[PDB]
file entry.json (JSON, C-alpha atoms)
[["chain", "number", "residue", "atom", "x", "y", "z"],
["A", 1, "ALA", "CA", 0.00, 0.00, 0.00],
["A", 2, "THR", "CA", 1.12, 3.59, -0.60],
["A", 3, "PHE", "CA", 0.88, 6.35, 1.97],
["A", 4, "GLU", "CA", 1.33, 9.97, 0.97],
["A", 5, "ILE", "CA", 2.56, 11.97, 3.99],
["A", 6, "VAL", "CA", 1.86, 15.70, 3.62],
["A", 7, "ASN", "CA", 3.14, 18.47, 5.91],
["A", 8, "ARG", "CA", 0.57, 21.29, 5.73],
["A", 9, "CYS", "CA", 2.00, 22.89, 8.97],
["A", 10, "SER", "CA", 3.78, 26.24, 8.61],
["A", 11, "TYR", "CA", 6.75, 24.67, 10.42],
["A", 12, "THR", "CA", 9.11, 21.82, 9.48],
["A", 13, "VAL", "CA", 8.34, 18.34, 10.82],
["A", 14, "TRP", "CA", 10.34, 15.17, 10.67],
["A", 15, "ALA", "CA", 7.90, 12.40, 9.62],
["A", 16, "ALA", "CA", 8.48, 8.92, 11.01],
["A", 17, "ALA", "CA", 7.11, 5.53, 10.01],
["A", 18, "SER", "CA", 7.69, 2.27, 11.92],
["A", 19, "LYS", "CA", 6.14, -1.02, 13.06],
["A", 20, "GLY", "CA", 8.13, -0.93, 16.33],
["A", 21, "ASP", "CA", 10.84, -3.46, 15.46],
["A", 22, "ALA", "CA", 11.64, -2.08, 11.98],
["A", 23, "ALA", "CA", 11.44, 1.06, 9.81],
["A", 24, "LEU", "CA", 8.65, 1.35, 7.24],
["A", 25, "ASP", "CA", 10.25, 2.40, 3.97],
["A", 26, "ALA", "CA", 13.13, 4.78, 4.87],
["A", 27, "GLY", "CA", 11.58, 5.25, 8.38],
["A", 28, "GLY", "CA", 11.95, 9.02, 8.59],
["A", 29, "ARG", "CA", 12.39, 12.22, 6.58],
["A", 30, "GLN", "CA", 12.44, 16.00, 6.94],
["A", 31, "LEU", "CA", 9.26, 17.64, 5.57],
["A", 32, "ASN", "CA", 9.29, 21.40, 5.12],
["A", 33, "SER", "CA", 6.00, 23.21, 4.95],
["A", 34, "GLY", "CA", 4.07, 21.88, 1.92],
["A", 35, "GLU", "CA", 6.31, 18.89, 1.23],
["A", 36, "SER", "CA", 4.91, 15.39, 0.49],
["A", 37, "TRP", "CA", 6.67, 12.12, 1.07],
["A", 38, "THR", "CA", 5.33, 8.99, -0.59],
["A", 39, "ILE", "CA", 6.14, 5.66, 1.09],
["A", 40, "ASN", "CA", 5.40, 2.01, 0.32],
["A", 41, "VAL", "CA", 4.31, -0.27, 3.19],
["A", 42, "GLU", "CA", 4.35, -4.01, 2.62],
["A", 43, "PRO", "CA", 0.91, -5.67, 2.54],
["A", 44, "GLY", "CA", 0.06, -7.56, 5.74],
["A", 45, "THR", "CA", 1.85, -4.95, 7.90],
["A", 46, "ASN", "CA", 0.47, -5.18, 11.39],
["A", 47, "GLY", "CA", 0.79, -2.43, 14.01],
["A", 48, "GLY", "CA", 2.34, 0.23, 11.74],
["A", 49, "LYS", "CA", 2.45, 3.83, 13.02],
["A", 50, "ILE", "CA", 3.09, 7.22, 11.35],
["A", 51, "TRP", "CA", 3.86, 10.38, 13.41],
["A", 52, "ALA", "CA", 5.49, 13.80, 13.23],
["A", 53, "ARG", "CA", 8.47, 14.91, 15.26],
["A", 54, "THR", "CA", 9.12, 18.60, 16.07],
["A", 55, "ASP", "CA", 12.28, 20.62, 16.65],
["A", 56, "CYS", "CA", 14.85, 18.10, 15.53],
["A", 57, "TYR", "CA", 18.61, 18.52, 14.98],
["A", 58, "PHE", "CA", 20.43, 15.79, 13.13],
["A", 59, "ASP", "CA", 24.08, 15.73, 12.07],
["A", 60, "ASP", "CA", 25.39, 14.33, 8.77],
["A", 61, "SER", "CA", 24.91, 10.64, 9.71],
["A", 62, "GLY", "CA", 21.21, 11.06, 10.75],
["A", 63, "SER", "CA", 21.92, 11.13, 14.49],
["A", 64, "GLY", "CA", 20.44, 13.78, 16.82],
["A", 65, "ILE", "CA", 17.51, 14.69, 19.08],
["A", 66, "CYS", "CA", 13.86, 15.87, 18.58],
["A", 67, "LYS", "CA", 11.73, 17.60, 21.24],
["A", 68, "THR", "CA", 8.71, 15.40, 20.53],
["A", 69, "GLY", "CA", 8.53, 11.92, 19.05],
["A", 70, "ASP", "CA", 12.24, 11.13, 19.14],
["A", 71, "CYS", "CA", 12.99, 7.48, 18.18],
["A", 72, "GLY", "CA", 16.36, 6.91, 19.99],
["A", 73, "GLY", "CA", 18.13, 9.80, 18.24],
["A", 74, "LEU", "CA", 17.72, 8.60, 14.62],
["A", 75, "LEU", "CA", 16.53, 10.37, 11.49],
["A", 76, "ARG", "CA", 15.31, 7.03, 10.13],
["A", 77, "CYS", "CA", 13.13, 5.51, 12.90],
["A", 78, "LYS", "CA", 13.33, 1.77, 13.70],
["A", 79, "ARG", "CA", 11.48, 2.09, 17.02],
["A", 80, "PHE", "CA", 8.39, 4.02, 18.14],
["A", 81, "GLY", "CA", 8.87, 7.61, 19.21],
["A", 82, "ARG", "CA", 8.91, 9.16, 22.67],
["A", 83, "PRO", "CA", 5.56, 10.80, 23.78],
["A", 84, "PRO", "CA", 3.91, 13.19, 23.22],
["A", 85, "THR", "CA", 2.99, 11.99, 19.68],
["A", 86, "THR", "CA", -0.35, 12.09, 17.87],
["A", 87, "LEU", "CA", -0.38, 8.65, 16.08],
["A", 88, "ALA", "CA", -1.78, 7.39, 12.82],
["A", 89, "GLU", "CA", -2.15, 3.62, 13.35],
["A", 90, "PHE", "CA", -2.84, 0.88, 10.83],
["A", 91, "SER", "CA", -3.07, -2.85, 10.30],
["A", 92, "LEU", "CA", -3.20, -3.85, 6.65],
["A", 93, "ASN", "CA", -4.76, -6.92, 4.90],
["A", 94, "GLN", "CA", -6.07, -8.54, 8.09],
["A", 95, "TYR", "CA", -8.57, -11.11, 6.74],
["A", 96, "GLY", "CA", -9.29, -8.97, 3.64],
["A", 97, "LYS", "CA", -9.70, -5.70, 5.62],
["A", 98, "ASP", "CA", -7.50, -2.69, 6.50],
["A", 99, "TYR", "CA", -7.92, -1.09, 9.97],
["A", 100, "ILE", "CA", -6.99, 2.56, 10.58],
["A", 101, "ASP", "CA", -7.24, 4.93, 13.53],
["A", 102, "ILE", "CA", -5.86, 8.02, 15.16],
["A", 103, "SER", "CA", -4.75, 7.71, 18.78],
["A", 104, "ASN", "CA", -4.02, 10.20, 21.60],
["A", 105, "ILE", "CA", -3.05, 7.34, 23.97],
["A", 106, "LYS", "CA", 0.54, 8.55, 23.72],
["A", 107, "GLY", "CA", -0.35, 12.25, 23.87],
["A", 108, "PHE", "CA", -0.63, 14.89, 21.14],
["A", 109, "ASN", "CA", 2.01, 16.97, 19.39],
["A", 110, "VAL", "CA", 0.71, 17.84, 15.90],
["A", 111, "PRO", "CA", -2.87, 17.91, 14.48],
["A", 112, "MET", "CA", -3.51, 15.20, 11.87],
["A", 113, "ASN", "CA", -5.95, 13.87, 9.28],
["A", 114, "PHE", "CA", -5.71, 10.17, 8.25],
["A", 115, "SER", "CA", -7.82, 9.51, 5.09],
["A", 116, "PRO", "CA", -8.02, 6.78, 2.40],
["A", 117, "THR", "CA", -7.14, 7.96, -1.12],
["A", 118, "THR", "CA", -9.12, 5.01, -2.54],
["A", 119, "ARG", "CA", -12.87, 4.23, -2.22],
["A", 120, "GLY", "CA", -14.96, 2.52, 0.48],
["A", 121, "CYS", "CA", -14.34, 4.08, 3.93],
["A", 122, "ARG", "CA", -14.04, 7.58, 5.45],
["A", 123, "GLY", "CA", -11.05, 9.21, 7.17],
["A", 124, "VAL", "CA", -10.47, 10.38, 10.72],
["A", 125, "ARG", "CA", -9.12, 13.65, 12.00],
["A", 126, "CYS", "CA", -7.87, 15.16, 15.24],
["A", 127, "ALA", "CA", -7.35, 18.83, 14.48],
["A", 128, "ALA", "CA", -8.31, 20.72, 17.64],
["A", 129, "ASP", "CA", -5.82, 22.90, 19.51],
["A", 130, "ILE", "CA", -4.89, 20.29, 22.14],
["A", 131, "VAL", "CA", -1.54, 21.92, 22.93],
["A", 132, "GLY", "CA", -3.10, 25.33, 23.66],
["A", 133, "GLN", "CA", -5.85, 23.80, 25.86],
["A", 134, "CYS", "CA", -3.62, 21.11, 27.51],
["A", 135, "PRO", "CA", -4.16, 20.75, 31.34],
["A", 136, "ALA", "CA", -1.13, 22.23, 33.14],
["A", 137, "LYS", "CA", -0.08, 18.86, 34.59],
["A", 138, "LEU", "CA", 0.10, 17.26, 31.11],
["A", 139, "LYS", "CA", 1.99, 20.10, 29.36],
["A", 140, "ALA", "CA", 5.27, 18.89, 27.99],
["A", 141, "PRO", "CA", 8.12, 21.50, 28.13],
["A", 142, "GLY", "CA", 9.31, 20.37, 24.67],
["A", 143, "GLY", "CA", 5.92, 21.30, 23.17],
["A", 144, "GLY", "CA", 2.97, 18.92, 23.16],
["A", 145, "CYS", "CA", 0.40, 17.53, 25.57],
["A", 146, "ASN", "CA", 1.33, 14.23, 27.28],
["A", 147, "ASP", "CA", -1.13, 11.46, 28.08],
["A", 148, "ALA", "CA", -1.71, 10.75, 31.79],
["A", 149, "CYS", "CA", -0.05, 7.27, 31.62],
["A", 150, "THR", "CA", 3.27, 8.84, 30.51],
["A", 151, "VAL", "CA", 3.13, 11.51, 33.23],
["A", 152, "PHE", "CA", 1.79, 9.58, 36.26],
["A", 153, "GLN", "CA", 2.57, 5.90, 35.64],
["A", 154, "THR", "CA", -0.48, 4.43, 37.54],
["A", 155, "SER", "CA", -2.41, 1.25, 36.82],
["A", 156, "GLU", "CA", -5.54, 3.29, 36.12],
["A", 157, "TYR", "CA", -4.04, 5.66, 33.51],
["A", 158, "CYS", "CA", -1.93, 2.90, 31.90],
["A", 159, "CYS", "CA", -4.73, 0.23, 32.15],
["A", 160, "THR", "CA", -2.14, -2.28, 33.16],
["A", 161, "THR", "CA", -4.67, -4.62, 34.82],
["A", 162, "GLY", "CA", -6.79, -4.65, 31.65],
["A", 163, "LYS", "CA", -9.57, -2.97, 33.65],
["A", 164, "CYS", "CA", -9.60, 0.87, 33.75],
["A", 165, "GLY", "CA", -12.12, 3.59, 33.20],
["A", 166, "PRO", "CA", -12.08, 6.96, 31.48],
["A", 167, "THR", "CA", -10.45, 9.72, 33.57],
["A", 168, "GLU", "CA", -10.48, 13.54, 33.87],
["A", 169, "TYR", "CA", -7.42, 13.46, 31.58],
["A", 170, "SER", "CA", -8.70, 11.01, 29.00],
["A", 171, "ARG", "CA", -11.97, 12.99, 28.87],
["A", 172, "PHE", "CA", -10.02, 16.11, 27.92],
["A", 173, "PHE", "CA", -8.53, 14.41, 24.80],
["A", 174, "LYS", "CA", -11.93, 12.88, 24.00],
["A", 175, "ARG", "CA", -13.81, 16.21, 24.29],
["A", 176, "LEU", "CA", -11.48, 17.88, 21.76],
["A", 177, "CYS", "CA", -10.99, 14.82, 19.48],
["A", 178, "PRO", "CA", -13.98, 12.40, 19.73],
["A", 179, "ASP", "CA", -12.63, 10.42, 16.75],
["A", 180, "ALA", "CA", -9.27, 9.50, 18.33],
["A", 181, "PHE", "CA", -8.57, 6.88, 21.04],
["A", 182, "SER", "CA", -8.27, 8.75, 24.37],
["A", 183, "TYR", "CA", -7.29, 5.80, 26.58],
["A", 184, "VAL", "CA", -6.50, 2.09, 26.17],
["A", 185, "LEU", "CA", -10.07, 0.77, 26.62],
["A", 186, "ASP", "CA", -11.81, 3.60, 24.81],
["A", 187, "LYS", "CA", -14.80, 2.50, 22.65],
["A", 188, "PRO", "CA", -12.96, 1.80, 19.34],
["A", 189, "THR", "CA", -12.89, 4.60, 16.72],
["A", 190, "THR", "CA", -11.20, 2.24, 14.27],
["A", 191, "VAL", "CA", -12.28, 2.58, 10.62],
["A", 192, "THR", "CA", -12.48, -0.57, 8.47],
["A", 193, "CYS", "CA", -11.36, -0.12, 4.89],
["A", 194, "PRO", "CA", -11.09, -2.52, 1.91],
["A", 195, "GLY", "CA", -7.90, -4.68, 2.00],
["A", 196, "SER", "CA", -5.06, -3.01, 0.05],
["A", 197, "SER", "CA", -6.40, 0.57, 0.26],
["A", 198, "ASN", "CA", -4.12, 3.62, -0.11],
["A", 199, "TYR", "CA", -3.88, 6.55, 2.27],
["A", 200, "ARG", "CA", -2.85, 10.10, 2.95],
["A", 201, "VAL", "CA", -1.62, 11.39, 6.32],
["A", 202, "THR", "CA", -1.78, 15.20, 6.50],
["A", 203, "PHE", "CA", -0.16, 17.12, 9.36],
["A", 204, "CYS", "CA", -2.01, 20.39, 10.29],
["A", 205, "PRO", "CA", -4.91, 19.56, 7.96],
["A", 206, "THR", "CA", -6.71, 22.83, 8.85],
["A", 207, "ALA", "CA", -4.07, 25.61, 9.18]]
call {"tool": "encode", "arguments": {"input": "entry.json", "output": "structure tokens"}}
result
Amino acid sequence: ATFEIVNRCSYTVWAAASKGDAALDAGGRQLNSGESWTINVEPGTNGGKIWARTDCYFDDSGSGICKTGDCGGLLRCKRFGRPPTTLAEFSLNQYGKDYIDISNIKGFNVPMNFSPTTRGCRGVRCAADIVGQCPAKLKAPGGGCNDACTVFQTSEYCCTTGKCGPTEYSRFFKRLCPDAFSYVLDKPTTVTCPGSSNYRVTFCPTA
């Protein structure tokens, strides 16, 4: 499947793409304002994620640091990124269906739209100003709004027993972005698409 990754933000982002144990395509690239990066993702990819990283400095061998979403200091991500990161998540060709979602379970850094470019399902968006509205206790100094699990490390926020409810903090993410996962056991906002669909991820889809 092909994913077009579009930076509509007025600022530079460093896109990342990974399934957690391996890069997807090149795994990462600088995107200036307006740039598009087309990647190929092998069919049957399970647990793939796309995200943006902000305020990165890399040297000549693709080694450095980003203020949000850093994946162990690499330009080309092999691992998932450090919170806070708005996530586009996907599992492809799972019994003839593709499954896509946006998640705030690892916080929010950049607004995002995740839409098919082929027929037969709708897209999902989280475009509210979560950073501006972020509760003071979740505000990340680097920029971004952390999830409560990352900040507080309790069984309830992290749902480590497999039983957990919504919280004051999850409800904040949910009120601004009803179409994104706000906590681990949130009622799924997954969208089912035809197997082998194609997609666009757009950062800052509004402004």
call {"tool": "atom_distance", "arguments": {"input": "entry.json", "atom1": "CA of residue 57 (chain A)", "atom2": "CA of residue 113 (chain A)"}}
result
25.6 Å
call {"tool": "residues_around", "arguments": {"input": "entry.json", "residues": "residue 133 (chain A)", "least_positions_apart": "6", "cutoff": "10 Å", "atoms": "all atoms listed in the file", "output": "MDAnalysis selection string"}}
result
chainID A and resid 139 145 172:173 176
call {"tool": "residues_around", "arguments": {"input": "entry.json", "residues": "residue 192 (chain A)", "least_positions_apart": "6", "cutoff": "7 Å", "atoms": "all atoms listed in the file", "output": "ChimeraX atom specification"}}
result
/A:97-100,121
call {"tool": "write_last_selection", "arguments": {"input": "entry.json", "atoms": "C-alpha atoms", "output": "CSV table (one decimal), in the coordinates of the input"}}
result
chain,number,residue,atom,x,y,z
A,97,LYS,CA,-9.7,-5.7,5.6
A,98,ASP,CA,-7.5,-2.7,6.5
A,99,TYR,CA,-7.9,-1.1,10.0
A,100,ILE,CA,-7.0,2.6,10.6
A,121,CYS,CA,-14.3,4.1,3.9
call {"tool": "closest_residue", "arguments": {"input": "entry.json", "among": "A:202, A:154, A:33, A:160", "to": "residue 50 (chain A)", "atoms": "only C-alpha atoms"}}
result
A:202
call {"tool": "closest_residue", "arguments": {"input": "entry.json", "among": "A:131, A:112, A:102, A:9", "to": "residue 188 (chain A)", "atoms": "only C-alpha atoms"}}
result
A:102
call {"tool": "atom_distance", "arguments": {"input": "entry.json", "atom1": "CA of residue 110 (chain A)", "atom2": "CA of residue 169 (chain A)"}}
result
18.2 Å
call {"tool": "residues_near_point", "arguments": {"input": "entry.json", "point": "(3.1, 1.8, 2.2)", "cutoff": "8 Å", "atoms": "all atoms listed in the file", "output": "JSON, numbers by chain"}}
result
{"A": [1, 2, 3, 24, 25, 39, 40, 41, 42, 43, 198]}
call {"tool": "atom_distance", "arguments": {"input": "entry.json", "atom1": "CA of residue 200 (chain A)", "atom2": "CA of residue 46 (chain A)"}}
result
17.8 Å
call {"tool": "residues_around", "arguments": {"input": "entry.json", "residues": "residue 75 (chain A)", "least_positions_apart": "2", "cutoff": "8 Å", "atoms": "all atoms listed in the file", "output": "short mmCIF file (atom, residue, chain, number, x, y, z; two decimals) with C-alpha atoms, keeping the file's coordinate frame"}}
result
data_model
loop_
_atom_site.label_atom_id
_atom_site.label_comp_id
_atom_site.auth_asym_id
_atom_site.auth_seq_id
_atom_site.Cartn_x
_atom_site.Cartn_y
_atom_site.Cartn_z
CA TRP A 14 10.34 15.17 10.67
CA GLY A 27 11.58 5.25 8.38
CA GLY A 28 11.95 9.02 8.59
CA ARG A 29 12.39 12.22 6.58
CA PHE A 58 20.43 15.79 13.13
CA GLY A 62 21.21 11.06 10.75
CA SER A 63 21.92 11.13 14.49
CA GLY A 64 20.44 13.78 16.82
CA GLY A 73 18.13 9.80 18.24
CA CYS A 77 13.13 5.51 12.90
#
call {"tool": "residues_around", "arguments": {"input": "entry.json", "residues": "residue 123 (chain A)", "least_positions_apart": "5", "cutoff": "8 Å", "atoms": "all atoms listed in the file", "output": "CSV table (one decimal) with C-alpha atoms, keeping the file's coordinate frame"}}
result
chain,number,residue,atom,x,y,z
A,113,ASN,CA,-6.0,13.9,9.3
A,114,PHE,CA,-5.7,10.2,8.2
A,115,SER,CA,-7.8,9.5,5.1
A,116,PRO,CA,-8.0,6.8,2.4
A,191,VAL,CA,-12.3,2.6,10.6
call {"tool": "residues_around", "arguments": {"input": "entry.json", "residues": "residue 55 (chain A)", "least_positions_apart": "4", "cutoff": "12 Å", "atoms": "all atoms listed in the file", "output": "JSON, numbers by chain"}}
result
{"A": [11, 12, 13, 14, 15, 30, 31, 32, 64, 65, 66, 67, 68, 69, 70, 109, 110, 142, 143, 144]}
call {"tool": "closest_residue", "arguments": {"input": "entry.json", "among": "A:130, A:137, A:87, A:38", "to": "residue 152 (chain A)", "atoms": "all atoms listed in the file"}}
result
A:137
call {"tool": "axis_aligned_box", "arguments": {"input": "entry.json", "around": "region 193-200 of chain A", "padding_each_side": "5 Å", "output": "JSON"}}
result
{"center_x": -7.1, "center_y": 2.7, "center_z": 2.4, "size_x": 18.5, "size_y": 24.8, "size_z": 15.0}
